[PDB]
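In order of appearance the chains are A, B, C, D, E, F, G, H, I and J, and numbering begins at 1 in each one.
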Amino acid sequence: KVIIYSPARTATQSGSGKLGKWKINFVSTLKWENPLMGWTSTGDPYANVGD
Amino acid sequence: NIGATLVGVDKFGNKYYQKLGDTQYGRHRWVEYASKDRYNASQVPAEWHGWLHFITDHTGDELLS
Amino acid sequence: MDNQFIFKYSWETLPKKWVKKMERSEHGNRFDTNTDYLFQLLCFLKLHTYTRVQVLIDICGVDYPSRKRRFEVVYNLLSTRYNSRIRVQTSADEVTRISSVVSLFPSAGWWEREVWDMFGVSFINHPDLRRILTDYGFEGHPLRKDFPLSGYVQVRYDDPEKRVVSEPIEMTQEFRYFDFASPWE
Amino acid sequence: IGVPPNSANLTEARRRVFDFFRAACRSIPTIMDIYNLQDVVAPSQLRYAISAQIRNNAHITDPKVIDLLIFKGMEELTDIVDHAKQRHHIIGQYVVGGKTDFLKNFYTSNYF
Amino acid sequence: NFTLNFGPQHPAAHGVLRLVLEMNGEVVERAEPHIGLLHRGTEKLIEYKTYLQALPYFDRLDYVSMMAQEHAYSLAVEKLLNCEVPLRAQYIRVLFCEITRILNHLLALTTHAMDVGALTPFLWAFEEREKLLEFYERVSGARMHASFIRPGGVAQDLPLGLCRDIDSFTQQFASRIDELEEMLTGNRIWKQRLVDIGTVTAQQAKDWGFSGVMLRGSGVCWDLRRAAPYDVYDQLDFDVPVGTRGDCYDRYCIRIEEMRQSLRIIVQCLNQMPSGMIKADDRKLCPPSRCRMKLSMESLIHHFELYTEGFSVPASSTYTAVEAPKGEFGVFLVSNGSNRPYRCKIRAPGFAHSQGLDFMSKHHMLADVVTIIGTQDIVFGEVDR
Amino acid sequence: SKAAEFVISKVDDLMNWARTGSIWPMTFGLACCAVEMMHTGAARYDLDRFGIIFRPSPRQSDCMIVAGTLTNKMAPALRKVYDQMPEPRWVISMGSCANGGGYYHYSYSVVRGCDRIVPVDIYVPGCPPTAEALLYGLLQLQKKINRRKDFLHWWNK
Amino acid sequence: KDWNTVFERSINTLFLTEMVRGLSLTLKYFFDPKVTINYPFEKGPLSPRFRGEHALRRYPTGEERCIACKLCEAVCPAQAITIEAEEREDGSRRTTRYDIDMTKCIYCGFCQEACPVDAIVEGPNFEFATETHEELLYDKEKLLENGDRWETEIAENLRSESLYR
Amino acid sequence: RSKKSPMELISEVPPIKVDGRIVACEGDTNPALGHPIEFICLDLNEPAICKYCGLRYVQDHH
Amino acid sequence: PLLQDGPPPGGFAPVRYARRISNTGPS
Amino acid sequence: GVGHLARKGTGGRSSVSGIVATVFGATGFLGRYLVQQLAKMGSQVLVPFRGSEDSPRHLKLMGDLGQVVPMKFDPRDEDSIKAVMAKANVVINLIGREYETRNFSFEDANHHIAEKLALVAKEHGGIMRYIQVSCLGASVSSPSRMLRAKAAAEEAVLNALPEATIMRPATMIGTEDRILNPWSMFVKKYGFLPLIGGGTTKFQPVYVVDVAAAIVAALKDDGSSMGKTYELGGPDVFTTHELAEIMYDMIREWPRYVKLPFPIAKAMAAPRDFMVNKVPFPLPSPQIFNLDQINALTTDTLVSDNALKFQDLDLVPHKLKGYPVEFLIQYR
C-alpha cells in the first residue's frame, strides 16, 4: 500500500525549487539497529526507491 | 650490509643502512631487524617509515626534532 | 560531413513520414522516429551514398517513468567515410516489441540482448533474445527506475544444504540516500 | 529462432499459449535425465505445475501481456533445459504444494 | 559435434573467461562467450552518485587503462557544462593518457605472449610497467586507480622531479621496446602462431563495430585522435599505423607501432608543456585552494557546496568517445538538471570485440583460440559493467 | 611427557616449517586486483623467493587468493573451486571487493564479501592493495600457519 | 628469385639463425644485476601523497580536530563512513561515533581532501592486513590510535603538499 | 596520559592573553595547516572559546 | 607558487624512438 | 522462563533474536546444523572449541558478523569454561564421544564434562535455557558403556538444574553421519557390507536437521519444555537390513551381505578394546566395528510409546528415503 503525494517546501528555506514533483511513498519503516556497530539494518527493498 | 653506511639506530634496536646509487639503484635503503622471531614484518616506527619508503629524505632522528 | 550538411541533406532526401523530430545542435544531430519505421530508416542510412553510416556504436535504453511510452531506445551511429555521427531514437513501453536491426548491423545482437536484460524491451526477429548480463534465473530488469538498487534477493552459502542458495535481501547497513537538492536551483 | 511478431488478437495468444505448453510438456523427459528427477517426482506432477501456472495467469486479456508472459516462460524453460540453474531450484519452484490468521500474524509481528 | 567448456578461473587467461565451444574434430565451429560474471551493476550505481562521486567507477572499468576512461568521463562532463580547460591541464591529461596507452599495450602484448608460451618478455615488460606506475603513484596517491583526471581541470599539480624522471624513462624505453620486439618479432614460432590466424576484413570490422587496433589492422585508417581530435592532440605529431592482412600478426606490429608513437607523443608533451593553472577558474565547478577555503567566506561556501552536493549539469544528453588503448571508449551521459546523472551508458570496446570472437575463431584449431582471445586485448571489467 | 613435550614439539615444528616454506596459492583473479597479484609475482618483488609459486589447478594448491569483485553468478563457481582443494587449505581475501563488496557493496549482483561463500583466514585491505600489502598478507598467513599445533593436539585427543 | 638470396634465406631456415639471436639476448640478461627487493628489510619507493591507512588527527594541544561537520561522510563515494555527533559538555561540536568500513573503502582520498580542518587523513601505512573481518571495522578509538602512532610522518607529508593543496 | 580525554586536555590549556577586543584564531602557526579563520569577540568576563580549536582567549587589560 | 614543474630551459635532450638495427652473425 | 528472545528484525540473517547461546561441542555432526539454524534467526552463538583453530572455521559463514565467535577452552580447566559462558543466556551441550581415547574415557567424555558444564552454569546464574543431548538408548542397565554414561549425565544435569531440557535423539542420518557413510566406504573398499547382528536389530533413524529444528523449537517454546526429556525419533522403524537396502539403492550397487553373528563380531572388535594403551595415546578410531556400538546394537532401540516425541513440539520428521539420504550419490 503506497501513498502518492507531492512533497512540500521546507520551513528552513524560502526557495521553491524542489516543488511540483510527485513521489510514491512505500511506507518503508521496518528498520532496526545492527548489534555490532549500531548501523541501521533493513530487509525492505523499497527502502529508498521512491526517494 | 657490506660496504654500507649505517644511517642510524632505532629505539627497538633496528639498524638502518644506506648505499649510494648511480644509475640503476638497488639495496640503497634497508633495515637490519634486531629481532629474528619472524620480525613481525612491521616494526618500523613512523619516524623511520618515511625514510625507508623514500617518502622523505629526513633520516628519522632529524624527524624527531 | 558536418552537422550543418547532414541535417539539411536528410531533411530533403529522407521520406517525411519516417522522422517526426529533428534536433540540430553541437551535442548531436538526433532523429526521433516511430518504432515501425526504425528498420527502414537505419537501412536507408546504411546504403545511401551520401549518408554511408556503416558502424553501429551502441544501443542504449533510457527509462522515463513519467511518460506514457516509458522507454527510450537510442541508436548511436557512426559514418567512417564522412567522419560524422548520427543518433536515432525511438520510444517503447513495457509490452511493445520493436524491430531488431541485427540484419543490418551484426553487432546489434549483444546490445539488444543487454537492452532486453536491463529494461525488458523485446526485439522482433532477433536470433536469440536471452539475458546476457544478469545471473541465471534473475527476475526483474535492474536498469528500470522502479527497481531497487540492491535488488530483491541475496546470495549466501548454506552449509546444511551444501550449495550456494538465494535468500531475500537483508542489509546489515542500509543504503543512506542523501538529498543534496537545493530549493534555489 | 527469432522472436515472433507481436500478436493482434486473443486467439493468436491462446494458440501461442498452447504451443508453449506443448513444448514445455515435451521438455519434461529431458529434465528427468539432466537432473536426477527419476526417483523424485512423477512425470505428471510437473505437467500439473505448468498447467497451474498457466491457469492462475489466465485472467489476462491483453495480447501483448500474454505474449510477454509466454516469452518469459520460454526463457525460463530454455534456462532449465540447460544446466544453468542448480538442481534444488526447480525442486524449490516446481513442486505442487487453528485459531485465526489475524491472531497468528499478531503473535508474529506488528508489521502485517 | 561435442560441446566443450573452457572456464579458466586462473588468471593465466583473463580469469573470468567462459567459452562454450562446439568442436567438430580439433576445429572449433562456434564460440559462444558466456559473460556476466563481472557484471557489478556499475551503470545503475552511477545514477545514485554525484558527478564527482561517480568518477572513481571509471577507473575500475578498464583496469589496465585507467586514465583513458576518466578522460572520456571528464570530457563528457565538460561538453555538457561548457567548461574550458587550461592548456597545462590539457597537456598533463594527454601526457598521462599516452603513459596509460603504453601501460595497456605493454600488459596486453606480454599477457598475450605468455598465453602462447613466451614467459621471458612478461617480466621484462612488467619492470617497465612498474617504472611507469611509479609516476602514477607520484601525481596521485594510488598506483592503479588514480582519480587524477577530473571534469574541471586535473586533480592536483605535478611534483618537482616528475618531468625529469619521465624524460629519463623515455631515454631507454626505446631500447626496451627493441628488446621486446627482438624476442618475438623475428621468431619463426611466433610468426607461425600468429600469421593468418584471426583474419578480419574491413567490412567485417565495420559491421561488427570493431575499433582501435582491431579496426586499423584491416586497412581502415580510423584514429579518433585524428578524426575527432580532443585536447591538444591536434598540436602533436604522430603517425597512425595501418595493417595490410588483418591477421593476428598485424595486430601485434600495430600494437608495437602505437606504443613507439606514444613514446613520441610523450616526448613532445614533455617538451611543449606550458606553465599556468591546472583547473578551470569557475570555482562554481572546481574546488577552491585549501588556503583560500580557510581564509575567504565564499571559497568556504563553494567548498562546502561542492563536496556535498557537487555541481549541477544542465538538462541535456550527449555521446563523447575517446581513443582508448583498446579502441573507441564512449560515454552516453544523460542529465536532467540535477547533481546526479540520470543515465550513463558505458560503451566498452571489449563488448564489441568479444562479440566477434564467434566469426574470428570459426574453423580454427583449438590452440589458436587463445591467440584470438589475446589479440583483442579484452578485460572483463568493461565487457560486463 | 619427558620426551613428548620435546619430540612432539620438534615434529610439529618440522611440519610448520615445511608448510610455511612451501605455499602454493591458487590465484582467483577476477578484477583489477589480478593486476596487483601479477605485479607481486613479477621480478620487482619476486613472490617465488619465499617459496610461493602459483598453481592453475585447485587439486595441487593449498591456498586460494580471492582478489576481485565476487558476483552472484560467480559465487557457485568460487565455492566449487574451493571444495576441490586438499584439507590443509587457507583463503586470503584481497581488496575491498573481496572483503566486503567494496565499491559495489550496494549492488544487486555483487556478493558482499567472499567470506559469505568461503571461510577466509587473512583479509588484505586496499583498492587495489599494494604489492607489498599482499606480501604482508602472505607473511601474516605464514605467521598464522606457525601457530598451528596439529600433532600435539592429535596426541592430546 | 636470386640464387644468392635463396641460399641465404635457406641457410637461416636450417641453421636457426633467428633463435640464436634470442638465446644470446636471454643469456645477456642472465649475467646482469637483479631488480628484486628484499621486502621484509627494504621497501619499495613511495610518495608523500600515498593513500594508505586512515588516521584521525588531533591538535598539538591534545584536542581532536574533527568537528563533526559530516563533510567527509557526504563525499564518500562508497558510503564507508558513519558519524554520530552531539553537543559535548563544553558545548563544542564533536563526534561520539566515527567509524570507517575498510571493507567498503576504495581509498580514493575524497574524505581527506574534503575535511576543512585536516582531521581525517590517509597515512603512509599500507601493512594492516587482519585475520578477522571485524578488525577491519575501524572505529574512533582505532583511528585516533592510528593518528597518534603516525603523527610525525603525517605532519611531514602535510607540510610537503601544503605547497600543492 | 591516555586516561585524559580531549575535553580534559583542552580544559587545562591556560587562556591566551590578548590586549585588544577581538582576536583571530587560525588553529596553527602555519595558516594553511589549521582550521578556517575565526574572529572572537573578547567583550565578556569569561574566557572566549574557539569553536574549532577549543582554545580560550581572554582580554588582557580591560 | 612561481616555481612550477616543467621542462628545463632549452628543452630536454632528443630521444630515439625508432627500431635500432642489429647486424649480428656471420651467416 | 520467558525473557530469552526479543525479535528485532525480519527473521533473517541480519535480523536480531535475543538469544546468545554457547554451544559446546559444535564442531561435530549435530553442531554444524544447530549453529546454522541458530544463526538464521539472528542469534549470537559462542562456539567453544579445543585443539586446532581450523575445526570451527566452517561455522563463521553461518553468522553475519560476530554472530559466531569461536573461543578456545579446555574441559579439564574450569576458569576457561566460565570465561566462554559469561555472555550467554542459553547453554547447549553436545559434548560426547562414542569411542574411547586414553585421554578421555567413556565416563569422562560423556558424564564428567556434562557435570562440570551444568555446575558452572549453576554458579554462573543467568542461563535461562540449558539443553543436554543424550542418546535415545540411554539407560543404566544398557550393556554399552557409552549409553550408561549418557544416562548418568542425564540425572546429573537434571539434579544440577531442574529447568534443563534433555533432548534425547536416536541414530542420526546426514551428510556427515557415522553410520551410512562408513557403510558406503566399506562397500567401496571391500565389496560387501558386514552385519554384526544379521540385520535384525530395530532402530529409528532420524534426520539431523529434524533434531536441530527440534532443539530450536524447544528453545523457542511457550515454557512447556523446561524440565522435560524429549525422545526424538524418526517416522519409520527401520532395521540394519532395510537401511542397508536403501543405502544400496542410493549407491547403485548389487547387494552383497555377509551375515555375522554377535559373538564373532564382538571378538573381532575386542582387539582395540585391550589395545587402547600403547606407545601412542592416539589409535585409529573404529569405523563399523566399535565394540560399544556392537553391544548397543543388541537391544532394539525405539522411541518409548509413552514418552514425548516430535509431534509434541509441532514438528514432522522428514521421511528418510528421499532428500535426507540424497548425499549418497557421491559414491554413485
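Throughout what follows, a residue touches a chain if its C-beta (ideal position, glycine included) is under 8 Å from a C-beta of that chain, and two chains touch if they have at least 3 such contacts.
*Asks:* Just to be sure I understand the contacts, which chains border both chain H and chain F?
*Replies:* Chains that touch both chain F and chain H, as defined above, are E, G.
*Asks:* Could you tell me which pair, E-H or B-G, is linked by more C-beta pairs in contact?
*Replies:* B-G
*Asks:* Taking each chain's centre as the mean position of its Cα atoms, how many Å separate chain D from chain J?
*Replies:* The answer is 41 Å.
*Asks:* Centroid from C-alpha atoms only, then distance chain B to chain I, rounded to Å. What do you get?
*Replies:* 34
*Asks:* Could you work out how far the Cα centre of chain D sits from that of chain F, in whole Å?
*Replies:* 43
*Asks:* Between chain C and chain E, tell me the centre distance in angstrom, where each centre is the average of that chain's C-alpha atoms.
*Replies:* Each chain reduced to its C-alpha mean, chain C and chain E end up 24 Å apart.
*Asks:* Give me the residues of chain G that touch two or more other chains.
*Replies:* In chain G, 21, 34-35, 37, 40, 43-47, 50, 74, 77, 79, 82, 101, 106-108, 116, 127, 133-134, 137 touch at least two other chains.
*Asks:* Could you list the positions in chain I whose residues touch two or more of the other chains?
*Replies:* If we look for residues of chain I contacting two or more partner chains, we find 22.
*Asks:* Note the residues in chain B that touch 2 or more other chains, in rising order.
*Replies:* Only 41-42 qualify.
*Asks:* Which of the chains touch, listed as pairs?
*Replies:* The set of touching chain pairs is A-C, A-G, A-J, B-F, B-G, C-D, C-E, C-F, C-G, C-J, D-J, E-F, E-G, E-H, E-I, F-G, F-J, G-H, G-I, G-J.
*Asks:* Considering the complex alone, what residue numbers of chain F touch chain E?
*Replies:* Listed in rising order, the residues of chain F that touch chain E are 26-32, 34-39, 42-44, 54, 56, 68-69, 71, 73-74, 77, 81, 103-104, 106-110, 127-128, 130.
*Asks:* For the complex, which residues does chain D have touching chain C?
*Replies:* Touching chain C from chain D are residues 1-6, 62, 64-65, 67-68, 71, 75-76, 78-79, 84-86, 88-89.
*Asks:* Show me the residue ranges of chain B that touch chain G in the complex, using the header's touch definition.
*Replies:* 24, 26-27, 29-33, 39, 41-42, 46-47, 49-50, 52-56, 58, 63-64
*Asks:* Please give the residue numbers of chain C that touch chain E in the complex, ascending.
*Replies:* Touching chain E from chain C are residues 27-28, 54-58, 60, 62-63, 74, 76, 80, 83, 85, 87, 105-107, 109-111, 118, 131-135, 142-143, 147, 149, 175, 177-178, 180-182, 185.
*Asks:* Provide the residue numbers of chain C that touch chain A in the complex, in ascending order.
*Replies:* Of all residues in chain C, those touching chain A are 146-152, 168-177, 179, 181-185.
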